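> to kick things off, part of the complex as it is:
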Amino acid sequence: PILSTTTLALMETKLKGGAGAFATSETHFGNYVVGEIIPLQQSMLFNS
Amino acid sequence: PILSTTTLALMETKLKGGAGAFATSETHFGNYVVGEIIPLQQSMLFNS
């Protein structure tokens, strides 16, 4: 799986998170957020 | 006893939490959670 969001709102909700927010999954109404099983986006890009 | 839920909304809350994710068993009107007495799910499967 890779992170996906029906709307930018939930994407901003996890963008605010300092670490580990991408691993969680959330489903508001018919909108949903697939979790990222491997937080490489949290690290491999941010690790620099 | 082990984990039990009715609506997915309760399962998403028990999953979103970190340490002690199954330490408690919330009730919501007719829906209810039943947390496991032994946290084999929280750590054992993941810990290896």
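All right, it came through fine. Residues are numbered from 1 along each chain as shown, chains lettered A, B, ... in the order given.

> stretch A:12-29: end-to-end distance?
One end of stretch A:12-29 sits 17 Å from the other (CA to CA, to the nearest Å).

> what does it contact?
Applying CB atoms under 8 Å, 6 or more residues apart in numbering or on different chains, the set of residues contacting stretch A:12-29 from outside is A:3, A:10, A:32-37, A:39, A:41-42, B:8, B:12, B:15-16. Placement of C-beta: from N, CA and C, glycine included.

> now the buried members of these.
A:3, A:10, A:33, A:35, A:36, A:39, A:42 (16 or more other CB atoms under 10 Å in any protein chain shown).

> would you say the fifth one is within a helix?
What it means is residue A:36. No. Secondary structure of residue A:36 (DSSP: H, G, I helix; E, B strand; the rest coil): coil, not part of a helix.

> surely it touches residue A:1?
Yes. At 6.9 Å, residue A:36 counts as touching residue A:1 under the criterion of CB atoms under 8 Å.

> need the residue closest to the centroid of chain A.
In chain A, the residue lying closest to the centroid (CA atoms, centre = their mean) is residue A:22, at 3.3 Å.

> sequence for chain C below, add it please:
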Amino acid sequence: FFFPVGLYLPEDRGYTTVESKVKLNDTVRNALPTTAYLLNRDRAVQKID
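This next block brings in chain C, placed alongside the chains you saw above:
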């Protein structure tokens, strides 16, 4: 292990701990419980109709 399913919690004593973290539409399926969800030895939701 054991897990009940389909139990009817009383209406006169029905309550809601932690209301802020959850919300439901007023559909009948959210009212009366029917099918439990569980997990496999690897974690994943596991419905039991």
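
> you'd agree the residue nearest to the centre of chain A is in a helix?
No. Per three-state DSSP, residue A:22 lies outside any helix segment and is coil.

> relative to residue C:12, how far out is the closest residue to it other than its chain neighbours?
Spatial nearest neighbour of residue A:22, excluding adjacent residues (CB to CB, 6 or more residues apart in numbering or on different chains): residue A:36 at 4.5 Å. Residue A:36 sits at a distance of 45 Å from residue C:12 (criterion: CB to CB, to the nearest Å).

> what's the answer for residue C:38, then?
From residue C:38 to residue C:12 the distance is 29 Å (CB to CB).

> what's around residue A:30, how many residues?
Per other CB atoms under 10 Å in any protein chain shown, the neighbour tally for residue A:30 reads 6.

> got a list of what it touches?
residue A:6.

> residue C:10 and residue A:7, how far apart?
Taken as CB to CB, the span from residue C:10 to residue A:7 is 38 Å.

> which one's more surrounded, these two?
Neighbours per residue (other CB under 10 Å) separate residue C:10 from residue A:7, with residue A:7 holding more: 13 against 8.

> following sequence is chain D, place it on the structure:
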Amino acid sequence: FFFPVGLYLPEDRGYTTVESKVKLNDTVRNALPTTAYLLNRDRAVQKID
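Just below you will find chain D, in place on the chains above:
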């Protein structure tokens, strides 16, 4: 990898796991998941339809 898009969730068992977070403005377009915002190799968002 793979990313779903367009998946519907049942209304009778639909729910709100994050009422405390976002407060979406009501619109029929926000109900059906026509699009799935994603990512790039650089951090960003990548809309798809």
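
> please reconsider the contacts of stretch A:12-29 now that chain D is part of the model.
If you take CB under 8 Å, 6+ apart as the criterion, stretch A:12-29 is touched by A:3, A:10, A:32-37, A:39, A:41-42, B:8, B:12, B:15-16, D:9, D:14-19, D:21-22, D:24, D:30-31.

> now intersect those residues with the helices, please.
Residues of the contacts of stretch A:12-29 located in helices (DSSP state H): A:10, B:8, B:12, B:15, B:16.

> quick check: the gap between the residue of chain A found nearest chain C and chain B.
Chain C sits closest to residue A:29 of chain A, with a gap of 8.6 Å, by CB to the nearest CB. Distance of residue A:29 to chain B, given as CB to the nearest CB, to the nearest Å: 11 Å.

> around that residue, how many other residues sit close by?
There are 20 residues near residue A:29, going by other CB under 10 Å.

> could you measure from residue A:1 over to residue C:36?
Counting by CB to CB - residue A:1 and residue C:36 are separated by 24 Å.

> and these two? which has more neighbours close in?
Legend: neighbour count by other CB under 10 Å for residue A:1 and residue C:36, higher for residue C:36 (19 against 13).

> show me what that one is bridged to.
On the basis of DSSP bridges, residue C:36 is bridged to residue C:48.
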